[PDB]
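The next block holds one structure in the form of structure tokens; read it before the comments.
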Amino acid sequence: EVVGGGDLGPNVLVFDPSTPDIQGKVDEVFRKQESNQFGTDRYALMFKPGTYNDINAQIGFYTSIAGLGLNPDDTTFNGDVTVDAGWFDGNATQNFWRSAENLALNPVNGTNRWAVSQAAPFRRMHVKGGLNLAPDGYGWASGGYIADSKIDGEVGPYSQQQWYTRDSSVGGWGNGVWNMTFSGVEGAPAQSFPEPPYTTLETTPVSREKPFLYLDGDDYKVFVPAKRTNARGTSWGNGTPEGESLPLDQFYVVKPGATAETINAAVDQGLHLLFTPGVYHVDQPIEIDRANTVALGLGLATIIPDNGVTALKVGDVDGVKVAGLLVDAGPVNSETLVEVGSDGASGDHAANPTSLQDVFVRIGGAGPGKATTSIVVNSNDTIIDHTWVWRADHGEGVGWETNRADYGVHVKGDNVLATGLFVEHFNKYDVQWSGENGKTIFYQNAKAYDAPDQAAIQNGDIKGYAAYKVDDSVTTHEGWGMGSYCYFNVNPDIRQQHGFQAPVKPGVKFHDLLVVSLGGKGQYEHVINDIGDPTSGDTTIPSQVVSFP
Ligand SMILES: OC[C@H]1O[C@@H](O[C@@H]2[C@@H](O)[C@H](O[C@@H]3[C@@H](O)[C@H](O[C@@H]4[C@@H](O)[C@H](O)O[C@H](CO)[C@H]4O)O[C@H](CO)[C@H]3O)O[C@H](CO)[C@H]2O)[C@H](O)[C@@H](O)[C@@H]1O
Numbered sequence: 057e058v059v060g061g062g063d064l065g066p067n068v069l070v071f072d073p074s075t076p077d078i079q080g081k082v083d084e085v086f087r088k089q090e091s092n093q094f095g096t097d098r099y100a101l102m103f104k105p106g107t108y109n110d111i112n113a114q115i116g117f118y119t120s121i122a123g124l125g126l127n128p129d130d131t132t133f134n135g136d137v138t139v140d141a142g143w144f145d146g147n148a149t150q151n152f153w154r155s156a157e158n159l160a161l162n163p164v165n166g167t168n169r170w171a172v173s174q175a176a177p178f179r180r181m182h183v184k185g186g187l188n189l190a191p192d193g194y195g196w197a198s199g200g201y202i203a204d205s206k207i208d209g210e211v212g213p214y215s216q217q218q219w220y221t222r223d224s225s226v227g228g229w230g231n232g233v234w235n236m237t238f239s240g241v242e243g244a245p246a247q248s249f250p251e252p253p254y255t256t257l258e259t260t261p262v263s264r265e266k267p268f269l270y271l272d273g274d275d276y277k278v279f280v281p282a283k284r285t286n287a288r289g290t291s292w293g294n295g296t297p298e299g300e301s302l303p304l305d306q307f308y309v310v311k312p313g314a315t316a317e318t319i320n321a322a323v324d325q326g327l328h329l330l331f332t333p334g335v336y337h338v339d340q341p342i343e344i345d346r347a348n349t350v351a352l353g354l355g356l357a358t359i360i361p362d363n364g365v366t367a368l369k370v371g372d373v374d375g376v377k378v379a380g381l382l383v384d385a386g387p388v389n390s391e392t393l394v395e396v397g398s399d400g401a402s403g404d405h406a407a408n409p410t411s412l413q414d415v416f417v418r419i420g421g422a423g424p425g426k427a428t429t430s431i432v433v434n435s436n437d438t439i440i441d442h443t444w445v446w447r448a449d450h451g452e453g454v455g456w457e458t459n460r461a462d463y464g465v466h467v468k469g470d471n472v473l474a475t476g477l478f479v480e481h482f483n484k485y486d487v488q489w490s491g492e493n494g495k496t497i498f499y500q501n502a503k504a505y506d507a508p509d510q511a512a513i514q515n516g517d518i519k520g521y522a523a524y525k526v527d528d529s530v531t532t533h534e535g536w537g538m539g540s541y542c543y544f545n546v547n548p549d550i551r552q553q554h555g556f557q558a559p560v561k562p563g564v565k566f567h568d569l570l571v572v573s574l575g576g577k578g579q580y581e582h583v584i585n586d587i588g589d590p591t592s593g594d595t596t597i598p599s600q601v602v603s604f605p
């Protein structure tokens, strides 16, 4: 019974090079979206191919900006896509929930400013000049994620604490701070941790670029890249990229209105999903149990699970590409928010894996919300390529109980790969890995700030719960470029035994680990298990470990 394609709706603004009032108009969204951290408004600015002049697209909360060509240079700005921190007094550590993709940029002073923190991906971009990742004045910042991009000149992180870059091309990298990690990046600074703190891998073992809306001439369509093993450099610049096109008309177009039963019925029926920029309350989980289903969000499209249900469940099928969505906890506790595969699933998905890309989870912050576990990854071979799983530390509806969320991510399948894993503030283990031969490239954690007292975070004989816990049974794991920080702002007497916990086996390895106390609010006793120096002083110097075991 459902109906494919049709109309993307008001919240998706489709600019062209003869379109009137682009500056003034891109400027109204920012005005309302600049300081709008928890609003329900959602926007995507989409630009048709061509060259656009005298422009500076300033990007606020819940704003995605993109070109609608196939290769990034089809849509060129003699101008800038700018993220700054004027609204929060130079501090960029709340510059969340926005994105830029599939544009070239010829920045007006020779350098584009993308001063963001978490959940602010920069994908499929060509910067014909510099890329400055810090707010004007080298004030605080906690990014960040760049993939499938070419920066002609220098990337300058400056004050950025940490960063992940994959499968890209840079002609310079200026500096590290705590953890600037690279995989498959031509031009990456040579590996050197802790000095500078560069963790560098030549290729990404597998990656698959995120699907995106484009105009194959007159028609709305989505292009869906195929996977690369040992990816290095960009995917677009040599000629005809690799992967499929879907016509629009083979997508259900979800808008304000949609029930979860119709969304699933459209996937029953053989349609893909395109979530328009909106907030979707669902009282049954969204279910994708058809191989190769693309589920693509625009304008930070957001799902909220009502009645304590799970928001999104992927079945044990090959090739599901979930991209560009925020799952936002309801006030009724959900046992899970996202499940990838059913519990127990023992099959392969190796040739054609399921992935989550730019999938973000929030618990609290916009009022009261809670979940026991946020993401369960049951399916073997799953790719998690950019996720921010975040128990709110600030905002409305936040308490050590009021927005309690015990567990962030739990990985149970085998062969699972996370590139750009950001997980923070959970009451217990932020990340748990139970499956075999897991790989994590780049991890950023901060522990819960609102732990009341030592006794509240006790873990048998461990003080605190690891930010990242590989199970005792696991025989095979390997991780690179991983940091956990603490700011026990309620009770800075607290001690966190470690950032990491894992068995001591010849084939469970870690490379370039660090923990950091933020201005002496709590301290780490060790880095991993019982190994590594404690943090000390209020000077926020990392305690580091190059190699383990
Ligand atoms: O609070 C809400 C959000 O905050 C996120 O965590 C922040 C955290 O980012 C912040 O850390 C700062 C660091 O940014 C800072 O690094 C320095 C660099 O700025 C500088 O250029 O280089 C040196 C190193 O040589 C560093 O000085 O260092 C100060 C310490 O002096 C840190 O405090 O601290 C905030 C709280 O104090 C903290 O909240 C968090 O990830 C988000 O989840 C959260 O929503």
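First residue of the sequence shown? That's 57 in the deposited numbering, and the numbers climb one at a time after it. We treat Cβ as the ideally placed atom computed from N, Cα and C, and that holds for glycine.
Considering only C-alpha positions, which residue in the set the options is nearest to residue i?
i           : options                           : result
residue 609 : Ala461, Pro267 and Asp145         : Because the chain is modelled from 57 through 605, residue 609 falls outside the range shown and cannot be assessed.
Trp143      : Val164, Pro598, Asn92 and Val394  : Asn92
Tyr201      : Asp223, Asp192 and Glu210         : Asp223
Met538      : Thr75, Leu64, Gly185 and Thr237   : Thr237
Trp170      : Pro191, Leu161 and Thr596         : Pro191
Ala122      : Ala156, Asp145, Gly116 and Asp136 : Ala156
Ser173      : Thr256, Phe117, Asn547 and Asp374 : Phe117
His405      : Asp399, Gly375 and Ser398         : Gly375
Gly425      : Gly453, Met102, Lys525 and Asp414 : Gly453
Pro281      : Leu327, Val350, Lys561 and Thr255 : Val350
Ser603      : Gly563, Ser573, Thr75 and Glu210  : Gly563
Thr259      : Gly135, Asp130 and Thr475         : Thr475
residue 27  : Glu492, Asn483, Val394 and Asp362 : Nothing can be reported for residue 27, as the shown portion of the chain is limited to 57 through 605.
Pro261      : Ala176, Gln247 and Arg288         : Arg288
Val68       : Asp136, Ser398 and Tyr276         : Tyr276
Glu480      : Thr532, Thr496 and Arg418         : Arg418
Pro508      : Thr531, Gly295, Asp110 and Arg460 : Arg460
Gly535      : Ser592, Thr591, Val601 and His582 : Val601
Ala141      : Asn165, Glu90, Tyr108 and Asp129  : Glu90
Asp72       : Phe103, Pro312 and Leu327         : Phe103
Less than 8 angstroms between the beta carbons of residue i and residue j, yes or no?
i      : j      : result
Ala401 : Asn434 : yes
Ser540 : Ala512 : no
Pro213 : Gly195 : no
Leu161 : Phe279 : no
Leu368 : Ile342 : yes
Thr392 : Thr410 : no
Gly146 : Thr167 : no
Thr138 : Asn112 : yes
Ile439 : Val465 : no
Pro559 : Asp528 : yes
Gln488 : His442 : no
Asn235 : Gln218 : yes
My output table needs one value for residue i: the three-state DSSP class, helix, strand or coil.
i           : result
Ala316      : helix
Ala156      : strand
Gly576      : coil
residue 629 : For the chain, the structure presents residues 57 to 605; residue 629 sits outside this window and is missing.
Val82       : helix
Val226      : strand
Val310      : strand
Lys468      : coil
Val172      : coil
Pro303      : strand
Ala511      : helix
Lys206      : strand
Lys283      : coil
May I ask you to check if the CB of residue i is nearer than 7 angstroms to at least one heavy atom of ligand 1?
i      : result
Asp449 : yes
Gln579 : no
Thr443 : no
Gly230 : no
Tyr194 : yes
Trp536 : no
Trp446 : yes
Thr149 : yes
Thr315 : no
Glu480 : yes
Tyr543 : yes
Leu574 : yes
ask   = Would you call the stretch 295-312 and the stretch 233-246 touching, i.e. three or more CB-CB distances under 8 angstroms?
value = no
Contact between the stretch 328-340 and the stretch 91-109 (3+ Cβ pairs under 8 angstroms) = yes
task = Inspect the CB distances between the stretch 292-303 and the stretch 316-326 and report whether three or more fall short of 8 angstroms.
result = no
ask   = Would the stretch 552-564 and the stretch 572-590 be scored as touching if the rule is three or more Cβ pairs under 8 angstroms?
value = yes
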